[PDB]
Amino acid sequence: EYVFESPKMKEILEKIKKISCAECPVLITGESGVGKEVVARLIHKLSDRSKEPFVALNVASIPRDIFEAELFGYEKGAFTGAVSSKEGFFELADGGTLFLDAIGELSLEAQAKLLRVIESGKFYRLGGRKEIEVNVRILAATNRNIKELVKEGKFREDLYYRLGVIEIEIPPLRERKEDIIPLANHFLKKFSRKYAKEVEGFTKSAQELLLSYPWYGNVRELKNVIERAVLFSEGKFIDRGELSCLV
């Protein structure tokens, strides 16, 4: 039930299928709403770990003072407010997939702490003296210009080459015009069913509008606009007027 029609999206879909047999890190980039999370979850579903956990994590929103504790866990003992050991998210995802979302907003301090784990699967728990080993497939996404961040020294070169073994750059909706109408149709069908309405399609006038609008919020903005059009619709068809007052 996902839409891939434009040339680039079709290529992307192909790459996703071709890496099914692999477990190497994938770095997914693009503007807000272009479908990075959809692609990450799809890569997971088509992979050899489809039946293992998919642990999602906004890695930049974790406060700096608990970063290690949260990713690597901590050992019962001195570096403590605690009685017993606690698994971090790397262990929680052992044998599965760990999705580092907002990777490009991570602090330099935190990027450095992630460095050795990505390739070796090994780390010490906060306060522990036993190397722990996990087998985790890494996915990462960001809507930041990550190549620019590397150039400006805001993102570590050595972490970039570890994460971006496979690189999927999803283009903005406005450069995938072939996706627009099929996407709009897909949502119109979904919402019309969901809200028990009699909308069926768009006038030719409305379709022109959909194709010329920039979609700064990309697929998510499109989905929102169709969800509005359906809820406020009267006819069997959505006309240019109904859209124009929604964008």
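Each residue number is its position in the shown sequence, starting from 1.
Colleague: Would you mind comparing 82-90 and 133-141 for me and telling me which has the higher average C-alpha temperature factor in the entry?
Modeller: Between 82-90 and 133-141, it is 82-90.
Colleague: When the Cα temperature factors in the entry are averaged, is it 97-105 or 171-179 that ends up higher?
Modeller: Higher mean C-alpha B-factor: 171-179.
Colleague: Between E221, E198, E37, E31, where does the Cα B-factor run highest in the record?
Modeller: Answer, based on the entry's C-alpha B-factors: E198.
Colleague: Between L57, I43, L209, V26, where does the Cα B-factor run highest in the record?
Modeller: Comparing C-alpha B-factors across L57, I43, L209, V26, the maximum falls on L209.
Colleague: Ranking every modelled residue in this chain by its Cα temperature factor as given in the entry, which third contains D158?
Modeller: According to the entry, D158 has a C-alpha B-factor in the chain's lowest third.
Colleague: Within this chain, which third does the Cα B-factor at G77 fall in: lowest, middle or highest?
Modeller: As the PDB entry reports it, the C-alpha B-factor of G77 lands in the highest third of its chain.
Colleague: Would you please rank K113 by its C-alpha temperature factor against the other modelled residues of its chain and give the third it falls in: lowest, middle or highest?
Modeller: Lowest third.
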